[PDB]
């Protein structure tokens, strides 16, 4: 009998997560990792937050069971999630229009949404930005959903091409999903203004789209509440929406797989009925979600003192990234770049969408041991005072 695996086609390594192994294997002295979006401190450590360590110490001392969570996870984690997303005292919360499942990361939340929609609704098409995080298409395609692209970035002026965005969504139909990044658009770092979010919310209602927000960076653009303004503008008028949120970056809990899928419907009866099918989709995937990271988040968000410690740590990360963004632009100039990189200062979040080409990114790896994503996305949150001059010399060398 011919093996079942004989006809398999190899898949390439992931263009983002595969960079870790490539970086590790490189033997060039002075290599620099700017790939996966993870926060580094000034010393080059990707740290555990102090608030997280304190929560983990509390759990070690107080947990007396590991019994399965419910399919939707820890109830306090869901309550705190809805407050972060919508605001305490939101009508969505008071009217019991939203239900939240704790999931294994924001990716898990996107997947649970995809499987839920594919099995239980008439959704067949999801619109994502050009460019976007590459795993969006993979997640929705896994469920058999068609993924189209809408225009988003003006690569010439390094701004949002809002007129092309509007034009390109003209053919998005009622009952199609349109996916928006809540803040810190990945990879461009360019987000709608509040006025643009309000225009998009109105258009979405008029055209009957189902909005899906990917919210992986709440707190990294301007602050927790400011970064939710776009989502909240959508929440103010829509009957239905979905939010896939992540605590990987804003709590530094990447490998503990901490996210949430929040389903909003017109009323409590409808959301509860829909959520019962979301739970069935979870049960048939990974059964129930991992407790450790979500329990850390719930422990921090439900305790005023620990929460204040965490929100200061998040503000401190944002401040350091902003300082690196400015130092990067200045050092590129110092080291002889003639391209104007001032547009990088306007980008929000952890990255610089640099305009470097695929060929330049590959040269930076092969000739200089500097690792970025082939889309030109560079992790500013991985830069330090000690690595800045060599990384900028390398970039100037490939321009």
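Residue numbers count along the first chain shown, from 1.
The PDB entry reports B-factors from which the mean C-alpha value can be compared for 241-249 and 315-323; the larger average falls on 315-323. Relative to one another, 41-49 and 367-375 have unequal mean CA B-factors, and 41-49 is the one with the higher figure. The entry lists C-alpha B-factors for 107, 90, 268, 121, and the highest of these is at 90.
Of the residues listed, 138, 159, 276, 204, the entry assigns the biggest Cα temperature factor to 159. Among the modelled residues of its chain, residue 235 has a C-alpha B-factor that falls in the highest third, as given in the PDB entry. For residue 331, the recorded CA temperature factor ranks within the middle third of the chain's modelled residues. Residue-level temperature factors show residue 142 in the lowest third of its chain, judged at the C-alpha atom. Sort the modelled residues of the chain by CA B factor and residue 183 lands in the lowest third.
Residue 72: CA B factor in the lowest third of modelled residues in this chain (values from the PDB entry).
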